[PDB]
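**Q** coords30.cif is the file, holding mmCIF, C-alpha atoms:
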```cif
data_target
#
loop_
_atom_site.label_atom_id
_atom_site.label_comp_id
_atom_site.auth_asym_id
_atom_site.auth_seq_id
_atom_site.Cartn_x
_atom_site.Cartn_y
_atom_site.Cartn_z
CA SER A 1 -23.25 -74.63 39.96
CA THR A 2 -25.02 -74.41 43.36
CA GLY A 3 -24.32 -75.03 47.08
CA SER A 4 -26.61 -75.91 50.02
CA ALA A 5 -25.54 -76.32 53.68
CA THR A 6 -27.37 -76.82 57.01
CA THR A 7 -26.79 -74.37 59.90
CA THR A 8 -27.41 -75.37 63.55
CA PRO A 9 -27.75 -73.19 66.73
CA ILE A 10 -24.76 -73.48 69.14
CA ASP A 11 -27.04 -73.64 72.23
CA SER A 12 -30.64 -73.37 73.59
CA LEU A 13 -30.80 -69.50 73.24
CA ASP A 14 -29.68 -69.14 69.52
CA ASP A 15 -26.50 -67.19 70.36
CA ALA A 16 -24.91 -68.19 67.04
CA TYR A 17 -25.31 -70.68 64.16
CA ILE A 18 -22.53 -72.97 62.93
CA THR A 19 -22.19 -74.43 59.37
CA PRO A 20 -19.73 -77.30 58.40
CA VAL A 21 -17.06 -76.19 55.78
CA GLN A 22 -14.44 -78.30 53.95
CA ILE A 23 -11.01 -76.54 53.89
CA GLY A 24 -8.18 -78.47 52.13
CA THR A 25 -7.13 -81.74 50.39
CA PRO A 26 -7.74 -84.26 52.02
CA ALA A 27 -10.59 -82.18 53.52
CA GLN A 28 -10.59 -80.85 57.11
CA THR A 29 -14.21 -80.06 58.25
CA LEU A 30 -14.43 -76.90 60.46
CA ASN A 31 -17.68 -75.51 62.03
CA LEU A 32 -17.85 -71.77 61.05
CA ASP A 33 -20.11 -68.77 61.86
CA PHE A 34 -21.41 -67.33 58.54
CA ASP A 35 -21.23 -63.53 59.16
CA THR A 36 -22.86 -61.06 56.69
CA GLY A 37 -21.51 -58.25 58.95
CA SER A 38 -17.79 -58.87 58.17
CA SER A 39 -15.55 -59.85 55.16
CA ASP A 40 -12.84 -62.25 56.51
CA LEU A 41 -12.44 -66.05 56.39
CA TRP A 42 -10.43 -66.81 59.54
CA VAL A 43 -10.00 -70.12 61.41
CA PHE A 44 -8.46 -71.65 64.55
CA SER A 45 -5.19 -72.99 63.16
CA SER A 46 -2.08 -75.02 64.12
CA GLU A 47 -0.24 -71.62 64.59
CA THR A 48 -2.65 -70.22 67.32
CA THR A 49 -0.83 -69.99 70.68
CA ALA A 50 -1.89 -73.27 72.46
CA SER A 51 -3.14 -71.35 75.57
CA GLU A 52 -5.94 -69.71 73.46
CA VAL A 53 -7.39 -73.10 72.16
CA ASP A 54 -10.03 -74.85 74.39
CA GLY A 55 -11.81 -77.65 72.41
CA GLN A 56 -11.96 -76.16 68.86
CA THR A 57 -11.10 -78.15 65.67
CA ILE A 58 -7.87 -76.70 64.15
CA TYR A 59 -6.91 -76.10 60.52
CA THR A 60 -3.45 -77.58 59.79
CA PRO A 61 -2.03 -76.32 56.42
CA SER A 62 1.02 -78.71 56.67
CA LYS A 63 -1.43 -81.65 56.24
CA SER A 64 -2.98 -80.16 53.00
CA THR A 65 -1.59 -80.66 49.46
CA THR A 66 -3.46 -77.66 47.92
CA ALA A 67 -2.30 -75.21 50.68
CA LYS A 68 0.04 -72.30 49.71
CA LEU A 69 1.40 -69.48 51.96
CA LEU A 70 0.34 -66.01 50.70
CA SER A 71 3.90 -64.69 51.34
CA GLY A 72 3.98 -61.31 53.14
CA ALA A 73 0.20 -60.92 53.63
CA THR A 74 -1.18 -60.35 57.19
CA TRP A 75 -4.57 -59.62 58.86
CA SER A 76 -5.91 -57.88 62.01
CA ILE A 77 -9.65 -57.46 62.88
CA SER A 78 -11.85 -56.16 65.76
CA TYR A 79 -15.67 -56.59 66.18
CA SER A 84 -10.46 -59.52 68.07
CA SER A 85 -8.05 -61.85 66.12
CA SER A 86 -4.83 -61.65 63.89
CA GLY A 87 -2.11 -63.65 62.04
CA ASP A 88 -0.98 -65.29 58.75
CA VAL A 89 -2.71 -65.89 55.36
CA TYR A 90 -2.75 -69.08 53.19
CA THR A 91 -4.58 -69.92 49.92
CA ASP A 92 -6.47 -73.27 49.75
CA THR A 93 -9.64 -75.08 48.43
CA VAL A 94 -12.84 -74.25 50.37
CA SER A 95 -16.15 -76.06 49.68
CA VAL A 96 -19.59 -75.36 51.23
CA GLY A 97 -22.27 -78.02 50.71
CA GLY A 98 -20.78 -79.14 47.37
CA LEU A 99 -19.91 -75.62 45.98
CA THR A 100 -16.05 -75.52 45.59
CA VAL A 101 -13.81 -72.40 45.29
CA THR A 102 -10.10 -72.87 44.50
CA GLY A 103 -7.54 -70.21 45.65
CA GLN A 104 -9.59 -68.83 48.61
CA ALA A 105 -7.66 -66.75 51.19
CA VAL A 106 -7.84 -68.64 54.53
CA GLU A 107 -6.70 -66.41 57.36
CA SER A 108 -4.69 -68.48 59.89
CA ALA A 109 -5.12 -67.17 63.50
CA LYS A 110 -1.95 -66.71 65.60
CA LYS A 111 -3.73 -64.56 68.30
CA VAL A 112 -7.42 -64.74 69.44
CA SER A 113 -9.33 -62.85 72.20
CA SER A 114 -10.72 -64.85 75.18
CA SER A 115 -14.38 -64.32 73.92
CA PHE A 116 -13.54 -66.76 71.01
CA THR A 117 -11.50 -69.21 73.23
CA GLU A 118 -14.47 -69.62 75.68
CA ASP A 119 -16.81 -70.67 72.74
CA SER A 120 -15.48 -74.25 72.08
CA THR A 121 -18.26 -74.85 69.45
CA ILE A 122 -17.11 -72.09 66.98
CA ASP A 123 -13.98 -72.99 64.86
CA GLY A 124 -14.09 -69.65 62.96
CA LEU A 125 -15.89 -67.04 60.81
CA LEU A 126 -16.83 -66.92 57.10
CA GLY A 127 -17.34 -63.24 56.17
CA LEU A 128 -20.19 -62.53 53.70
CA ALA A 129 -20.31 -58.68 53.67
CA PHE A 130 -18.77 -56.69 50.72
CA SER A 131 -15.02 -57.37 49.94
CA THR A 132 -14.10 -53.63 50.66
CA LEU A 133 -14.00 -54.54 54.47
CA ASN A 134 -11.42 -57.36 54.07
CA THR A 135 -8.51 -56.67 56.49
CA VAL A 136 -5.74 -58.47 54.49
CA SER A 137 -2.67 -56.19 53.99
CA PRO A 138 -0.89 -55.18 51.68
CA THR A 139 -3.12 -57.05 49.11
CA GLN A 140 -6.88 -56.97 50.02
CA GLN A 141 -8.62 -60.38 49.49
CA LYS A 142 -12.07 -61.40 48.14
CA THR A 143 -14.84 -63.18 50.09
CA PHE A 144 -16.07 -66.79 49.33
CA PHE A 145 -19.27 -65.38 47.73
CA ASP A 146 -17.29 -62.99 45.50
CA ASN A 147 -14.96 -65.83 44.39
CA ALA A 148 -17.94 -68.17 43.58
CA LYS A 149 -20.17 -65.47 41.80
CA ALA A 150 -18.87 -66.38 38.28
CA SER A 151 -19.36 -70.15 38.85
CA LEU A 152 -22.84 -69.75 40.54
CA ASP A 153 -26.06 -70.08 38.44
CA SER A 154 -27.41 -66.88 40.02
CA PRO A 155 -25.20 -64.41 42.03
CA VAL A 156 -27.29 -64.81 45.23
CA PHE A 157 -27.45 -66.66 48.52
CA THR A 158 -30.38 -67.05 50.96
CA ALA A 159 -30.64 -67.34 54.76
CA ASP A 160 -33.36 -69.42 56.41
CA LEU A 161 -32.40 -69.40 60.12
CA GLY A 162 -34.42 -71.58 62.54
CA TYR A 163 -36.00 -70.64 65.91
CA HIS A 164 -34.56 -73.27 68.36
CA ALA A 165 -34.12 -75.52 65.33
CA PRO A 166 -31.56 -75.97 62.47
CA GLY A 167 -31.88 -73.98 59.22
CA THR A 168 -30.24 -73.41 55.79
CA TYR A 169 -27.78 -71.36 53.64
CA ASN A 170 -28.30 -71.91 49.84
CA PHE A 171 -25.99 -70.50 47.09
CA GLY A 172 -26.80 -69.93 43.41
CA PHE A 173 -30.61 -70.42 43.70
CA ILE A 174 -33.90 -69.55 45.43
CA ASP A 175 -36.01 -72.34 47.00
CA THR A 176 -39.66 -71.40 46.15
CA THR A 177 -40.94 -73.95 48.79
CA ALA A 178 -39.06 -72.36 51.76
CA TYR A 179 -41.43 -69.29 52.00
CA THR A 180 -45.08 -68.18 51.65
CA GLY A 181 -46.43 -65.26 49.55
CA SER A 182 -43.90 -63.30 47.50
CA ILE A 183 -40.42 -61.77 48.09
CA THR A 184 -40.16 -57.96 48.65
CA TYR A 185 -36.86 -56.48 47.33
CA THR A 186 -35.31 -53.28 48.75
CA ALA A 187 -32.37 -51.12 47.74
CA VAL A 188 -28.91 -51.78 49.22
CA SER A 189 -26.10 -49.15 49.76
CA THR A 190 -22.54 -50.57 49.58
CA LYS A 191 -20.84 -47.25 50.66
CA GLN A 192 -19.86 -48.54 54.16
CA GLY A 193 -19.27 -52.13 52.85
CA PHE A 194 -22.34 -53.71 54.61
CA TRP A 195 -25.70 -54.96 53.37
CA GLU A 196 -27.16 -51.54 54.38
CA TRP A 197 -30.89 -50.84 53.82
CA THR A 198 -33.90 -48.73 54.95
CA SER A 199 -36.95 -50.18 56.82
CA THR A 200 -40.32 -48.34 56.26
CA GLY A 201 -41.50 -48.34 59.93
CA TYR A 202 -42.78 -50.51 62.76
CA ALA A 203 -45.64 -51.52 65.05
CA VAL A 204 -45.64 -52.87 68.69
CA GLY A 205 -47.98 -55.83 69.29
CA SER A 206 -51.40 -55.27 67.68
CA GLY A 207 -50.75 -51.45 67.52
CA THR A 208 -50.79 -48.88 64.69
CA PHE A 209 -47.98 -48.78 62.15
CA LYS A 210 -45.62 -45.84 62.73
CA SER A 211 -44.32 -44.99 59.24
CA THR A 212 -40.68 -43.84 59.70
CA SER A 213 -37.29 -44.47 58.01
CA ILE A 214 -34.90 -46.75 59.94
CA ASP A 215 -31.44 -47.19 58.32
CA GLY A 216 -29.73 -50.45 59.34
CA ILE A 217 -27.62 -53.46 58.28
CA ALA A 218 -28.77 -57.07 57.78
CA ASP A 219 -26.24 -58.96 59.99
CA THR A 220 -26.40 -62.80 60.51
CA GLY A 221 -23.21 -62.58 62.70
CA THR A 222 -25.00 -60.40 65.41
CA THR A 223 -27.49 -62.19 67.78
CA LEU A 224 -29.94 -59.39 68.76
CA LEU A 225 -31.95 -56.53 67.20
CA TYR A 226 -30.45 -53.00 67.85
CA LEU A 227 -32.84 -50.12 67.01
CA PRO A 228 -33.07 -46.38 68.02
CA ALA A 229 -33.90 -45.32 71.64
CA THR A 230 -37.35 -43.94 70.77
CA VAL A 231 -38.40 -47.28 69.10
CA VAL A 232 -36.92 -49.51 71.86
CA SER A 233 -38.49 -47.33 74.68
CA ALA A 234 -41.92 -47.62 72.98
CA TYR A 235 -41.63 -51.45 72.92
CA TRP A 236 -40.59 -52.03 76.56
CA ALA A 237 -43.25 -49.48 77.78
CA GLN A 238 -45.83 -52.21 76.89
CA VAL A 239 -44.18 -54.95 79.07
CA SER A 240 -45.21 -54.50 82.76
CA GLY A 241 -42.18 -54.28 85.06
CA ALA A 242 -39.55 -54.10 82.26
CA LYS A 243 -36.61 -51.63 82.88
CA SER A 244 -33.16 -50.59 81.49
CA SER A 245 -30.61 -51.96 84.01
CA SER A 246 -27.10 -50.42 84.25
CA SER A 247 -25.55 -53.53 85.90
CA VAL A 248 -26.85 -55.92 83.18
CA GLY A 249 -26.23 -53.53 80.26
CA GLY A 250 -29.71 -53.23 78.75
CA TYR A 251 -33.45 -53.93 79.18
CA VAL A 252 -34.69 -56.79 81.32
CA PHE A 253 -38.17 -57.97 82.23
CA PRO A 254 -39.89 -60.23 84.82
CA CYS A 255 -39.66 -63.80 83.37
CA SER A 256 -43.40 -64.33 84.25
CA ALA A 257 -44.49 -61.70 81.60
CA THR A 258 -45.70 -62.42 78.03
CA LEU A 259 -43.97 -60.39 75.27
CA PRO A 260 -45.92 -58.67 72.43
CA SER A 261 -44.86 -59.21 68.78
CA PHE A 262 -42.80 -56.62 66.78
CA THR A 263 -43.22 -55.65 63.09
CA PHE A 264 -40.67 -54.01 60.74
CA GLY A 265 -41.62 -52.67 57.29
CA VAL A 266 -39.91 -53.82 54.05
CA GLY A 267 -41.15 -51.40 51.37
CA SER A 268 -44.95 -51.98 51.47
CA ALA A 269 -44.73 -55.43 53.20
CA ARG A 270 -44.64 -56.31 56.93
CA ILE A 271 -42.39 -58.91 58.65
CA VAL A 272 -43.73 -60.05 62.11
CA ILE A 273 -41.37 -61.19 64.89
CA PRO A 274 -43.31 -63.33 67.46
CA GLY A 275 -43.03 -62.30 71.15
CA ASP A 276 -41.29 -65.63 71.96
CA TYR A 277 -38.27 -64.71 69.76
CA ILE A 278 -37.61 -61.61 71.95
CA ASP A 279 -37.19 -63.72 75.23
CA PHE A 280 -33.45 -64.51 75.88
CA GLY A 281 -34.12 -66.39 79.16
CA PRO A 282 -32.95 -65.50 82.69
CA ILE A 283 -29.88 -63.25 83.25
CA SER A 284 -28.28 -65.73 85.70
CA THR A 285 -29.26 -69.32 86.58
CA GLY A 286 -32.53 -69.42 88.56
CA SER A 287 -33.09 -65.63 88.31
CA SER A 288 -36.50 -63.90 88.28
CA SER A 289 -35.33 -61.33 85.59
CA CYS A 290 -35.10 -62.18 81.82
CA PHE A 291 -32.86 -60.55 79.16
CA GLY A 292 -34.46 -58.61 76.28
CA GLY A 293 -34.17 -59.39 72.57
CA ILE A 294 -34.72 -55.74 71.45
CA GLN A 295 -31.91 -53.42 72.65
CA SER A 296 -30.93 -49.79 71.92
CA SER A 297 -28.36 -48.94 69.22
CA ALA A 298 -27.44 -45.54 70.94
CA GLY A 299 -23.92 -46.74 71.92
CA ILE A 300 -22.96 -48.43 68.60
CA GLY A 301 -23.42 -45.89 65.78
CA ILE A 302 -25.60 -48.14 63.55
CA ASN A 303 -28.94 -50.02 63.80
CA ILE A 304 -28.31 -53.78 63.44
CA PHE A 305 -30.93 -56.19 62.15
CA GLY A 306 -29.52 -59.33 63.80
CA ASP A 307 -30.58 -63.02 64.15
CA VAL A 308 -33.69 -62.14 66.26
CA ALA A 309 -35.09 -60.18 63.25
CA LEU A 310 -33.65 -62.29 60.37
CA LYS A 311 -34.83 -65.67 61.70
CA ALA A 312 -38.54 -64.54 61.29
CA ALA A 313 -38.05 -64.35 57.43
CA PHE A 314 -36.67 -65.99 54.28
CA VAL A 315 -33.91 -63.48 53.42
CA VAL A 316 -32.26 -63.11 49.94
CA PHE A 317 -28.83 -61.44 49.52
CA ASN A 318 -28.82 -60.62 45.80
CA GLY A 319 -25.20 -59.84 44.71
CA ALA A 320 -26.08 -58.47 41.21
CA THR A 321 -24.43 -55.35 39.63
CA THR A 322 -26.92 -53.29 41.73
CA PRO A 323 -27.40 -55.30 44.99
CA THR A 324 -30.80 -55.67 46.70
CA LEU A 325 -32.22 -57.44 49.79
CA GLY A 326 -35.31 -59.64 49.63
CA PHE A 327 -37.59 -60.52 52.59
CA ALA A 328 -40.50 -63.02 52.64
CA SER A 329 -42.71 -64.57 55.37
CA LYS A 330 -42.18 -68.27 56.23
#
```
How does this structure look as structure tokens?

**A**
Amino acid sequence: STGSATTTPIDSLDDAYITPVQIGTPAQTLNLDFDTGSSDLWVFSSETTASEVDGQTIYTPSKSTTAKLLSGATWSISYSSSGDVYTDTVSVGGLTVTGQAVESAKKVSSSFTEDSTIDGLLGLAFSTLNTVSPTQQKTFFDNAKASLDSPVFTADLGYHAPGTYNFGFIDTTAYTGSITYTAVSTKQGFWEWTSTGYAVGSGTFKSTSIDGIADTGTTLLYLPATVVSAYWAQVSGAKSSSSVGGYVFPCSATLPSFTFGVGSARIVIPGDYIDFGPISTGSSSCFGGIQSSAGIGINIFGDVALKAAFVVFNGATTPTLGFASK
């Protein structure tokens, strides 16, 4: 079997993408953030303290006939949120998984409460990072793998437009040219991989190894200080501000494109994708799309980078990552 769902940006800047998901019988449709950077399926529930809910759709397990409490199991995660665990039927664009662990939130940080559009997260990293204790639970993709035609899923995120998440197949019309596959390392539990270099604007390709993670749940591109300093050196008037917490540039400037190497191929990010609008309403300074990873511990290839390509997350015995131009 296969699954296909549409994903839509939450706002004008592409801060996150929400996908409708059917949890329960009769179904309750929640709008979740598909995150390849984590491994938990958690939702705003009927058990969340009422003060931390501000417009979100809530999951109510008392109203579902296929819901069962996973007695004794508990979760706690930080990127924060914690609570109870139930098992129920989850379906994504027609693809149905019975017995999925659905993590019911009891506590949620104010960063989630302020985002009324996001009803929860659907973790798509490797199951080793699942926070359910004492019995670690499997992700939606790991539970569907046996029932899928092919153990894969693709990501076709749109620039100021909706996009798609397919499961069990590859759409040969969604991209141009061919797909370039690279080796994944599952040691840290992420879709970890090595880029073969970069180029700023119409410049020369600097061949160098950049180890990072492909993360749909992170908005921006976080690369090393040397690479980020080389980029912003080409934008007149750009500068790393302490007060803002990163690079900013005069909104009147035109950004050059950025290229990242996948094996022998090249994936181009247009300049426009790197502009995250003004810092405050009516401001003359704009926020940068390429920021330094120095204070994180890992390079993150977020939405800014991923939405310039047709990305394949091959979950075979030996996982790989595929990138193609679109």

**Q** Please evaluate the PyMOL selection byres ((chain A and resi 165-177) around 6) against the displayed coordinates and give the resulting residues as an NGL selection string.

**A** :A and (2-8 or 152-164 or 178-179)

**Q** Evaluate the PyMOL selection byres ((chain A and resi 131-137) around 10) against this structure - the residues, as a PDB file with C-alpha atoms, in the frame of the given file, please.

**A**
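What ended up in selection_4.pdb:
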```pdb
ATOM      1  CA  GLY A  37     -21.510 -58.250  58.950  1.00  0.00           C
ATOM      2  CA  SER A  38     -17.790 -58.870  58.170  1.00  0.00           C
ATOM      3  CA  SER A  39     -15.550 -59.850  55.160  1.00  0.00           C
ATOM      4  CA  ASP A  40     -12.840 -62.250  56.510  1.00  0.00           C
ATOM      5  CA  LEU A  41     -12.440 -66.050  56.390  1.00  0.00           C
ATOM      6  CA  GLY A  72       3.980 -61.310  53.140  1.00  0.00           C
ATOM      7  CA  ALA A  73       0.200 -60.920  53.630  1.00  0.00           C
ATOM      8  CA  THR A  74      -1.180 -60.350  57.190  1.00  0.00           C
ATOM      9  CA  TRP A  75      -4.570 -59.620  58.860  1.00  0.00           C
ATOM     10  CA  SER A  76      -5.910 -57.880  62.010  1.00  0.00           C
ATOM     11  CA  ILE A  77      -9.650 -57.460  62.880  1.00  0.00           C
ATOM     12  CA  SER A  78     -11.850 -56.160  65.760  1.00  0.00           C
ATOM     13  CA  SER A  86      -4.830 -61.650  63.890  1.00  0.00           C
ATOM     14  CA  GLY A  87      -2.110 -63.650  62.040  1.00  0.00           C
ATOM     15  CA  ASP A  88      -0.980 -65.290  58.750  1.00  0.00           C
ATOM     16  CA  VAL A  89      -2.710 -65.890  55.360  1.00  0.00           C
ATOM     17  CA  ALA A 105      -7.660 -66.750  51.190  1.00  0.00           C
ATOM     18  CA  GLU A 107      -6.700 -66.410  57.360  1.00  0.00           C
ATOM     19  CA  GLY A 127     -17.340 -63.240  56.170  1.00  0.00           C
ATOM     20  CA  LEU A 128     -20.190 -62.530  53.700  1.00  0.00           C
ATOM     21  CA  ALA A 129     -20.310 -58.680  53.670  1.00  0.00           C
ATOM     22  CA  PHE A 130     -18.770 -56.690  50.720  1.00  0.00           C
ATOM     23  CA  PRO A 138      -0.890 -55.180  51.680  1.00  0.00           C
ATOM     24  CA  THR A 139      -3.120 -57.050  49.110  1.00  0.00           C
ATOM     25  CA  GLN A 140      -6.880 -56.970  50.020  1.00  0.00           C
ATOM     26  CA  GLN A 141      -8.620 -60.380  49.490  1.00  0.00           C
ATOM     27  CA  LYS A 142     -12.070 -61.400  48.140  1.00  0.00           C
ATOM     28  CA  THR A 143     -14.840 -63.180  50.090  1.00  0.00           C
ATOM     29  CA  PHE A 144     -16.070 -66.790  49.330  1.00  0.00           C
ATOM     30  CA  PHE A 145     -19.270 -65.380  47.730  1.00  0.00           C
ATOM     31  CA  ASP A 146     -17.290 -62.990  45.500  1.00  0.00           C
ATOM     32  CA  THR A 190     -22.540 -50.570  49.580  1.00  0.00           C
ATOM     33  CA  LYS A 191     -20.840 -47.250  50.660  1.00  0.00           C
ATOM     34  CA  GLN A 192     -19.860 -48.540  54.160  1.00  0.00           C
ATOM     35  CA  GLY A 193     -19.270 -52.130  52.850  1.00  0.00           C
ATOM     36  CA  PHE A 194     -22.340 -53.710  54.610  1.00  0.00           C
TER      37      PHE A 194
END
```

**Q** Nearest residue to residue 14 in chain A out of A:223, A:287, A:108, A:233, using only C-alpha atoms?

**A**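 Closest to residue 14 in chain A of all the choices is A:223.
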
**Q** With distances taken over all atoms listed in the file, which of A:241, A:97, A:205, A:221 is nearest to residue 16 in chain A?

**A**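 Under the stated criterion, the closest residue is A:221.
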
**Q** Do you know which residues are at most 8 Å from residue 95 in chain A counting only C-alpha atoms, after dropping those on the same chain fewer than 4 positions away, and could you put them as a PyMOL selection string?

**A** chain A and resi 21-23+99-101

**Q** Produce a file of the selected residues containing C-alpha atoms, as a PDB file, in the coordinates of the input.

**A**
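Done, and the output landed in part06.pdb:
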```pdb
ATOM      1  CA  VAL A  21     -17.060 -76.190  55.780  1.00  0.00           C
ATOM      2  CA  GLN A  22     -14.440 -78.300  53.950  1.00  0.00           C
ATOM      3  CA  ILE A  23     -11.010 -76.540  53.890  1.00  0.00           C
ATOM      4  CA  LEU A  99     -19.910 -75.620  45.980  1.00  0.00           C
ATOM      5  CA  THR A 100     -16.050 -75.520  45.590  1.00  0.00           C
ATOM      6  CA  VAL A 101     -13.810 -72.400  45.290  1.00  0.00           C
TER       7      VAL A 101
END
```

**Q** So what does the PyMOL selection byres ((chain A and resi 195) around 6) actually pick up in this one, as a list in words?

**A**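 Evaluating the PyMOL selection byres ((chain A and resi 195) around 6) on these coordinates yields residues 194, 196, 217 and 218 of chain A.
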
**Q** Could you please determine the separation between CA of residue 85 in chain A and CA of residue 309 in chain A in Å, to one decimal place?

**A** 27.2 Å

**Q** Looking at all atoms listed in the file, which of A:151, A:1, A:303, A:120 is the one that sits closest to residue 55 in chain A?

**A** A:120

**Q** So the first atom is CA of residue 51 in chain A and the second is CA of residue 67 in chain A; what is the distance between them in Å, to one decimal place?

**A**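 Straight-line distance from CA of residue 51 in chain A to CA of residue 67 in chain A works out to 25.2 Å.
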
**Q** Counting all atoms listed in the file, figure out which residue out of A:13, A:53, A:302, A:224 gets nearest to residue 116 in chain A.

**A** A:53

**Q** Fewer than 6 positions away in the same chain doesn't count, so skip those; otherwise give me all residues within 7 Å of residue 264 in chain A, counting only C-alpha atoms, as number ranges by chain.

**A** A: 199, 201-202, 270-272

**Q** Save out the residues we just selected, C-alpha atoms, as a tab-separated table (two decimals), keeping the file's coordinate frame.

**A**
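File written: part19.tsv
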```tsv
chain	number	residue	atom	x	y	z
A	199	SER	CA	-36.95	-50.18	56.82
A	201	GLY	CA	-41.50	-48.34	59.93
A	202	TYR	CA	-42.78	-50.51	62.76
A	270	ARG	CA	-44.64	-56.31	56.93
A	271	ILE	CA	-42.39	-58.91	58.65
A	272	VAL	CA	-43.73	-60.05	62.11
```

**Q** Put the listed atoms of range 313-330 of chain A in a box along x, y and z with 3 Å added on every side and give me the centre and edge lengths in Å to one decimal, as lines of an AutoDock Vina configuration file.

**A**
```
center_x = -33.6
center_y = -60.8
center_z = 48.5
size_x = 24.3
size_y = 21.0
size_z = 23.8
```

**Q** When you draw a straight line from CA of residue 57 in chain A to CA of residue 84 in chain A, how long is it in Å?

**A** 18.8 Å

**Q** Applying 9 Å and only C-alpha atoms, which residues near residue 52 in chain A remain after dropping the ones on its own chain fewer than 4 positions away? List them as a compact mmCIF listing (two decimals) with C-alpha atoms, in the coordinates of the input.

**A**
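After the write, result-v3.txt holds the following:
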```txt
# COMPACT_ATOMS: atom_id res chain seq x y z
CA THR A 48 -2.65 -70.22 67.32
CA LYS A 111 -3.73 -64.56 68.30
CA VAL A 112 -7.42 -64.74 69.44
CA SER A 113 -9.33 -62.85 72.20
CA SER A 114 -10.72 -64.85 75.18
CA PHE A 116 -13.54 -66.76 71.01
CA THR A 117 -11.50 -69.21 73.23
CA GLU A 118 -14.47 -69.62 75.68
```

**Q** Can you tell me, as a list in words, which residues sit within 12 Å of (-30.7, -63.1, 86.8) in the file's frame, using all atoms listed in the file?

**A**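 Those within range, by chain then number, are residues 245, 247, 248, 252, 253, 254, 255, 280, 281, 282, 283, 284, 285, 286, 287, 288, 289, 290 and 291 of chain A.
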
**Q** Would you pick out the contacts of range 184-189 of chain A at 7 Å or less, using all atoms listed in the file, so that residues sharing its chain but fewer than 6 positions from it are not included, and give the list as a list in words?

**A**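 Residues near the query, excluding close chain neighbours: residues 195, 196, 197, 266, 267, 269, 323, 324, 325, 326, 327 and 328 of chain A.
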
**Q** Given the choices A:58, A:148, A:96, A:308, which gets closest to residue 124 in chain A if the distance is worked out from all atoms listed in the file?

**A** A:58
